[PDB]
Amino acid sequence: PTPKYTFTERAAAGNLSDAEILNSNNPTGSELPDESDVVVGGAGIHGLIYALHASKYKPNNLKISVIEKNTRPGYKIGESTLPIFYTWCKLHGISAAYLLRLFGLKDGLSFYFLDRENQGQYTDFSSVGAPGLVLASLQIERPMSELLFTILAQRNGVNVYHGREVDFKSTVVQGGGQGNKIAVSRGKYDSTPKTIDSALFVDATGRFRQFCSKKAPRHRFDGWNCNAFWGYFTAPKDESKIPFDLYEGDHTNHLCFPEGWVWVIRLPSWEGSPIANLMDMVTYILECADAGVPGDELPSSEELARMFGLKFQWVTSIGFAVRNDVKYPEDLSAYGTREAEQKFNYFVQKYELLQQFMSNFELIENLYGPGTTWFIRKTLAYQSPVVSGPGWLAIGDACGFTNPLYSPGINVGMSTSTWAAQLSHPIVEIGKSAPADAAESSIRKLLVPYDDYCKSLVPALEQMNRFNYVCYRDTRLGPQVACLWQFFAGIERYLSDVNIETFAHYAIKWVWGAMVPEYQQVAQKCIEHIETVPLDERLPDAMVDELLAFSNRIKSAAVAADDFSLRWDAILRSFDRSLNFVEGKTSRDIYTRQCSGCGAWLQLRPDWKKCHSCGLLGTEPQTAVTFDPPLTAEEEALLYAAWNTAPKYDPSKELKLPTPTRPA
């Protein structure tokens, strides 16, 4: 495809604002429609996943308008994504060659557990992702993922309006498929709001819960909650002085300790780029995806930035997520002038390993505009007690949220967004095909499972969060109990069989494994023990021994009962094939390498000879995947064969679940 500069030129010819150039790409036009089947409040990632999935699940059935108050896709925290999300992107026709032009490669999770009383001691738990011919995960800058999904939405019959605000004071939402009247303005100062007559309203306003807060108070779980404070840093090409052995920047890295943990996410940033030029670059990428342009013949990230007049740089997202029963000194002014900055820098010098780690990084000022050098968010976890009602439902963060840890926000959260999307077709047709009272009853009954799923979902994720946090108080429980169990219970068995049709059904059965009975049993034993030890004390060694022996006893039976074949010892660096911990073991598969020119992490596969980020020809990517223990040529062929194309939908085949086989 020859690149087009359609939006760049249109923006300049008409002197168009950011919201105007974006809204000019809408199928129905740059102004709001008088009527729609669905109106979605919010074009964060979940409002857009919802709109894309509803449209793709049954095209040309629902008219969908997404209303977003930001003038262009806005900054959001929440950058790490997981195989289920990549698979969703691939099912929606965007595979890794194209996604890697926009986003950072993620190919593993790694955990380093710092001993608080023996400064400088640590242990680790490391998993790899998958070969490049199998799948990828992604580290995403959220202004770019929300732009990608906006453009993709507009190319699939969905209208997305930036610069517009749902007015929840004058909006009317009513049941029975009768009629919503969604008031949309440019903000509070605007006294010519427009109304969209519509059948279904979707609350995708995230943690602000702008509609469902009207139906129930925010719910908080018992016990401590968490706070987060974070910033953006350079991303060193040379990672070798990082003080953790075998550290890799293409993992989501977790530095874990009694008070909480630090995330470390390497990702490219497009900040400073004009919105119109970005629309042209994204549109080009999608035309290239449509045409099947091979990776090596697709321009690199840096070449796209030259072609479309963009700004591109590598950054590291680094943040604390710590318990809110931490005691701070009253005066933290030695550490900075803002609270977020003060608590971040204070926590870094509490651990010699965090200070040594951070000394590989340089703070970026105001990456996302003035005031954004530092971020702080307090009291993270909450649940919405009501997530649907006559004329509406809620998805994503508007249902509830727990913690950054294991990235449930996007990757588990998209189970609500994609199930709501699928359900939206019969909800709208019911209202068009039955009188009001029966329509409303039928819709209510259809949504009982969705309501029930959301109700038990956040408590399960909250118990998952606490399980990990308490085990992070010790350098044996963290890796050998909490990480082991999250990986065993939550690995996505039979993900290669998922298709658009089964996606929501599969996703709601996953829950990161947090509903697996043996997982809950080990989690409750640890939480019950550890929560009785004040935060400022070390766990008694006998308590660690007892909890470790318990975990291992439950684990060995649950692993024996699982029927899913997996080369556990190639994925986890420190465990054998039966998921037993091995004190010295370092061996495992190698799926990635760093470009020697630009530092970007790359997937090893023989059809990608050039770095996808800077274009430098891998000297001769003789560097092939290393399987340890080895695979034959046939076994390798078989592996890649399973992941080529998702199977067609078979309404008679039953869905194989992601979770371990039950013991019978």
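One rule holds for the numbers: they count along the sequence shown, beginning at 1.
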| item | value |
| --- | --- |
| Greater mean Cα temperature factor according to the PDB record, 349-357 or 558-566 | 558-566 |
| Residue range whose averaged C-alpha B-factor is higher in the record, 24-32 or 624-632 | 624-632 |
| Per the PDB entry, maximal CA B factor within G319, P517, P449, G413 | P517 |
| C-alpha B-factor winner, where the candidates are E583, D203, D197, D280 | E583 |
| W601, C-alpha B-factor rank within chain (lowest, middle or highest third) | middle |
| For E341, the third of its chain into which the C-alpha B factor falls | middle |
| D167 - Cα temperature factor, lowest/middle/highest third of chain | middle |
| Within-chain third of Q313 by Cα B-factor, per the entry | middle |
| Modelled-residue ranking by C-alpha temperature factor, third containing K327 | highest |
